[PDB]
Amino acid sequence: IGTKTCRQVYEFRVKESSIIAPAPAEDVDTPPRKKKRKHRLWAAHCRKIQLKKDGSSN
DNA sequence: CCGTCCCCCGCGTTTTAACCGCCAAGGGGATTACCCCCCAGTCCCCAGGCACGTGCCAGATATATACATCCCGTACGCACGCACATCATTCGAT
């Protein structure tokens, strides 16, 4: 927005930060990093589903 | 060669226990210092061992015979299949 310069907008966000509760700004990485996810397990996981009810195939 | 089947194997969970990293202690390897008692070395002396012959020995080496062993054929058993008669069952009239 070209109507306002960063100053008094940075300051407006200072006012906004004092009015509105601060944002969480949380970052995650998940416990899994790599490996332990072989696609044969997926096929095995698919095999588990296949034998359960996909055997009918209707 | 036929063909059998099971039993290792991949492959996948999940338990764990090696793995490291560090901490702690002193047992104990390694070293110095001393010294004596201990082996080398000489001299001397002598019987223990080897060389040489010797015979005798029994030790071996050959005989002959009794006996043991293996193998084939044999017959004998025997359970077998084949085959039968007979025990049994069926079709018809009673």
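Residues numbered from 1 in each chain as written, not as in the entry; some residues may be left out. Chains lettered and ligands numbered in written order. Part of a larger assembly, values for the part shown. Heavy atoms only, no water.

What the entry reports as its method is cryo-EM, with 4.1 Å given for the resolution.

Re the overall build of chain A
What chain A contains, in helices and strands, is two helices and zero strands. A compact globule built from 58 residues would reach a C-alpha radius of gyration of about 10 Å, whereas chain A, at 26 Å, exceeds it by more than 25%. If one aligns the C-alpha atoms of chain A with their principal axes, the spans along those axes are about 65 × 30 × 25 Å. Split into buried and exposed, the 58 residues of chain A put 0% on the buried side. (Helix = DSSP H or I, 4+ residues; strand = E, 2+ residues; numbered from the N terminus. Rg over C-alpha atoms; globule rule 2.2 N^0.38 Å. Buried < 20%, exposed > 50% of the residue type's maximum accessible area, 1.4 Å probe, protein only.)

Side note on the environment of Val14
With respect to the element layout, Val14 can be found in helix α1 (residues 10-19). In the structure, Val14 is positioned 42 residues away from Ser56 in sequence and 63 Å away in space, judged by C-alpha atoms.

A few points about unusual backbone geometry
Phi is positive for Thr30, close to 65°, though the residue is something other than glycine. In this structure, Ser57 takes a positive phi of about 60° despite not being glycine. The exposure class assigned to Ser57 is exposed, which follows from its relative accessible area of 58%.

Remarks on a positive patch on the surface
Together, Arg33, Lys34, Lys35 and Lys36 make up a region of like positive charge exposed at the surface. Looking at the element boundaries, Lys35 is found in the loop between α1 and α2 (39-54). (Patch = residues over 30% accessible without salt bridge, like charges linked within 9 Å, V, L, I, M, F, W, Y side chains within 5 Å. Areas by Shrake-Rupley, 256 points an atom, 1.4 Å probe, with all protein chains shown as cover. Salt bridge = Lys/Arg side-chain N within 4 Å of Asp/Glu carboxyl O. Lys, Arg positive; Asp, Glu negative; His and termini not counted. Charge placed at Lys NZ, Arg CZ, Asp CG, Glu CD.)

Re the pattern of salt bridges
Enumeration according to the criterion identifies two salt bridges in this entry. The salt bridge involving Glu11 is made with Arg7; its shortest N-O contact spans 2.8 Å. Between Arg13 and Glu16 there is a salt bridge; the shortest N-O distance is 3.5 Å. Remark: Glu16 and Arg13 occur in helix α1; sequence separation between them is three residues, near one turn of the helix. In this structure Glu16 comes out as partly exposed when scored by relative accessible area, which is 27%.

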